[PDB]
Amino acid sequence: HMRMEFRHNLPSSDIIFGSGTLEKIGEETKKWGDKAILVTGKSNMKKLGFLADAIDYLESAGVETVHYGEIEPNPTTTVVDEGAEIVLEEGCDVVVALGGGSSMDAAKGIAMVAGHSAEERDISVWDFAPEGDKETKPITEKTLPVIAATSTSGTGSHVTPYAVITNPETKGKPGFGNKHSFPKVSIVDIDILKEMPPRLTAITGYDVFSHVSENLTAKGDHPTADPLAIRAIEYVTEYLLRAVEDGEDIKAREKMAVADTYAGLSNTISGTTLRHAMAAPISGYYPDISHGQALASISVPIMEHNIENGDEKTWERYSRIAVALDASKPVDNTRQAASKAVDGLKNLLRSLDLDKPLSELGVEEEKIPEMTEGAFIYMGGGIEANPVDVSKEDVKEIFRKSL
């Protein structure tokens, strides 16, 4: 018998879940600081009224608030570093996020820079970012505390340590974070999430499924993540399409928000693999491409490559995914049982209108070698976590099949 070995690490988590829990954002933020920077996107929280409510709750709690409404999707180093300058200039002592993964990550990045800085700055978020064997800047308890109110049932970021930040000079899109950038308090408000439009619901929903399916197949044992990851896939298969077709189906929104929370906790304990490592350089080189659409367009080839080069332990993991996708009845540990995960995946992608080759997104074949370099330079951990080896030419070939 093969013995089981692992180390589980999960930072403290405080999750306020329900509809109308945006109410709490002020009382909770005051516990951590008197002056917040409020990090958001440019239009939807404002248009939907939740920006005004957050500001109200924060001020009413006695938290003086500076609004930073500049996060565009796929946040950049420049936008983080400029928001950190504001934190230093205004004296903010806590970073509050109201938005999706792009806002929550930008917020964590701002907390990092501003917390480690001198008076005017002298450090960039990129100093914390992996890049080849570059020795990163340690991320320490100096990181400012982060309060995260998510608006998508998409990234898990309200309960992960990670920020995903793009450098436009290199096109890299790495993740980074640890226990000191995990949000102190996490607010999941169904009244905010249920306003996602159908397309956003489907994209962020697929992100949930992508996290947990990679978390389960990542190399080594990780049994504390696995039941959360499995249940999330069951919730995706049962509720995601319900949420897309009726945004006001509240049960379905609640299950996708629980599923998204599972995914963040599961992705903290375990980690993502090749699909994430390759989707980063796609949105890195093509910033108008949504993260989840990038994941979708390369999923089939990657799952097929991992199954073709796998072993019985990895095949059994893919067979549990197939079962959770309703693509099969019995779990088994063979190449063929595992291959049903590809059928269930295709079904999922079709029901969500996410099955698009990279061509239909605007990716061009000439970019392959650059994007392959991107994947190894900036997502080396995910390549290492993948259950089967890949060479630089494996990844080139995978990109071409996804075109």
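Throughout, we count residues from 1 along the sequence that is shown.
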State which stretch shows the higher mean Cα B factor in the entry: 258-266 or 312-320. 312-320
Tell me which stretch, 88-96 or 204-212, has the higher mean Cα B-factor listed in the entry. 88-96
Say you rank 118, 289, 193, 80 by Cα B-factor from the PDB entry; which sits at the top? 118
Out of 74, 328, 152, 157, which shows the largest CA B-factor listed in the entry? 328
Among the modelled residues of its chain, the C-alpha B-factor of residue 123 falls in the third labelled highest
Give the position of residue 189 by CA B-factor within its chain, expressed as the lowest, middle or highest third. lowest
Modelled-residue ranking by C-alpha temperature factor, third containing residue 227: lowest
Would you mind ranking residue 283 by its C-alpha B-factor against the rest of the chain and naming the third, lowest, middle or highest? middle
Could you look up the Cα B-factor of residue 13 in the entry and say which third of the chain it sits in: lowest, middle or highest? lowest
